[PDB]
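K.L.:
model this:
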Amino acid sequence: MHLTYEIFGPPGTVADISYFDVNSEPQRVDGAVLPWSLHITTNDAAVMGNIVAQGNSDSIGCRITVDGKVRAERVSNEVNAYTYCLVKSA
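P.N.:
Numbering: from 1, shown residues only. Please see the structure below:
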């Protein structure tokens, strides 16, 4: 019953990670080379969190695994997750 989130990316990539902590304490890192993982303990039920990334990476997505069973997972593919909003047009 442990909720753990983790991101991936190339070696030397710098991205700002922001997420809402259960105890009320957002985490933000600047000047990081690669993403890591976190450990969150919850009562005893399905839990999920919202995490996003905005770095000059080629692939950025999120993932959530609970009770070792798949319940909810969101994967977004982006060749440059740093445009905030730019759909091919030019």
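
K.L.:
now the strands for the protein?
P.N.:
2-3, 40-41 (DSSP state E).

K.L.:
tell me which of these sits most buried.
P.N.:
Highest mean neighbour count among the strands of the chain (mean count of other C-beta atoms under 10 Å): strand 2-3, with a mean of 15. In short, each C-beta sits where N, CA and C put it, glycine included.

K.L.:
note down every partner strand of that one and its orientation.
P.N.:
According to DSSP bridges, strand 2-3 forms sheet pairs with strand 40-41 (antiparallel).

K.L.:
how far does the partner strand sit from the chain's center?
P.N.:
In terms of C-alpha atoms, centre = their mean, to the nearest Å, the centre of strand 40-41 is found 16 Å from the chain centre.

K.L.:
ok, and what's touching that strand?
P.N.:
Residues from elsewhere that reach strand 40-41 (C-beta atoms under 8 Å, 6 or more residues apart in numbering): 1, 2, 3, 4, 5, 22, 47, 49.

K.L.:
now do 10 Å
P.N.:
Here strand 40-41 makes contact (C-beta atoms under 10 Å, 6 or more residues apart in numbering) with 1, 2, 3, 4, 5, 19, 21, 22, 23, 47, 49.

K.L.:
which among the strands of the chain is found nearest to residue 90?
P.N.:
Counting by C-beta to C-beta, residue 90 lies closest to strand 2-3 out of the strands of the chain; the figure is 40.8 Å.
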